[PDB]
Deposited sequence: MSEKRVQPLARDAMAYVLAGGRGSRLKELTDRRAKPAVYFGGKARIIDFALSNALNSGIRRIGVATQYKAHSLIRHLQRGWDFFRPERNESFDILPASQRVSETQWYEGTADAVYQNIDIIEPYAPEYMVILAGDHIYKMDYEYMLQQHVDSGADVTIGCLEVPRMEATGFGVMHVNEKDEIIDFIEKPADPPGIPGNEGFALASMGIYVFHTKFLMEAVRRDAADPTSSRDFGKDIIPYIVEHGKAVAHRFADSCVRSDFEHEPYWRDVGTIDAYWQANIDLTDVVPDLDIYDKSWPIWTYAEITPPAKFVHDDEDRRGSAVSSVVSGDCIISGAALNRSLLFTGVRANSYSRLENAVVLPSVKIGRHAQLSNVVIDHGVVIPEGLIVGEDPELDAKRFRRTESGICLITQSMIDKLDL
């Protein structure tokens, strides 16, 4: 009996993405657009669905308006008569991650799932959660915790799990200077994905027995085991390794998107085997016009969504979301361009993330003058400008 039939996925989607700065000023991190493909939250949601988990809850917190609208419009196909449910819970004040689940016990117990699968909604990755449920029951564990096997140095910006010979967890440190290594495989550490499988009876206990803090109390006073991302990752034939991304900074967000322009991308957005569902509208095709001595609308080494009209504009190494209008004599290079952006004639922009809906003035130049760029816009140390409508308005 597939254990997924009896599980509920509970998605924590209050993450602010503080380090994305003005990208997350009027939206939560899980609402952030990714890949010309989806919003970040759709990865976790899609994994649950693809894994056979048909009961999903999503707890929101900060600036959730657009996230909730997205869920309402995109994730609307679950029917309770078929033992399917999708609950949007702005329960999660809020006060904590644990409280996000606690305060909606009265939504959970009616469904009576045998298993809870707690998921962070702010990471991009694909995983078949049935593996982790089978480990969780077979192992007799109180909690199974999803983990990345990363080099000890890279584990420094992570909650890290110190394990023993058979993967049982003996301690946990937040951001360790010298991350405890894996026994017999030192120089790799086991970092926390913030993915926790429980028995539901147990967790209601844990939540209503310590609610009115932290559940690594289980580590010390109980039985926590570790599940490795590599044991249940989903990989397409065109992905050379298990893909996971945090896109925690403007650099990392830019990079993950622009990497999709590669000839052989790390993430395969063309894969059908483990599909990412999202909110999408019927959209006309992308259009390229003008082929002149002075202007040519085309794209090279780029990803272009539908309803994009590239009119005498030159795009190189760029990713455009739906709705973009790029106008004559403009040029984009190394640009990640969110939906519905307009690029005026003669504008030239390089190494930018352009926010949703921004109208870029005729003639604007970005990525020529680093000093002017840092005055007008959010510039990273690496040279990426994040451009919003409010930065454009005060020029």
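Residues of the deposited sequence lacking C-alpha coordinates fall in the stretches 1-6, 99-105, 226-235, 419-420, numbered from 1.
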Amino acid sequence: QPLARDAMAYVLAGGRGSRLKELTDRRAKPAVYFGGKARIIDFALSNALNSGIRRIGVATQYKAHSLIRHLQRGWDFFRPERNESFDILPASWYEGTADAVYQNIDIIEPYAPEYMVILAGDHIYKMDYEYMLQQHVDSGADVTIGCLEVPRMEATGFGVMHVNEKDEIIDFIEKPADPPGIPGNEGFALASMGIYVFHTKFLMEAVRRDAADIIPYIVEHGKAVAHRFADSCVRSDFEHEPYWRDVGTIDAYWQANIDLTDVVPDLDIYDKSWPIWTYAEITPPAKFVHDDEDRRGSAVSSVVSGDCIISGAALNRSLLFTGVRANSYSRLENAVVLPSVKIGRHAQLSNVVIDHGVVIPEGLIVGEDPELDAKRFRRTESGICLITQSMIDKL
From here on, numbers count along this sequence of modelled residues.
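Stretches 191-199 and 269-277 differ in mean CA B factor, with 191-199 having the higher one. Between 112-120 and 284-292, the higher mean Cα B-factor belongs to 112-120. Among 304, 89, 313, 207, the highest C-alpha B-factor in the deposited entry belongs to 207.
Comparing the listed residues 246, 251, 99, 262, the entry records the largest Cα B-factor for 99. Among the modelled residues of its chain, residue 362 has a C-alpha B-factor that falls in the middle third according to the deposited record. Per the PDB record, residue ranking by Cα B-factor puts residue 94 in the highest third of the chain. Compared with the other modelled residues of the chain, the Cα B-factor recorded for residue 36 ranks in the middle third.
In the PDB entry, residue 236 places in the middle third of its chain by CA B-factor.
For residue 309, the recorded CA temperature factor ranks within the lowest third of the chain's modelled residues.
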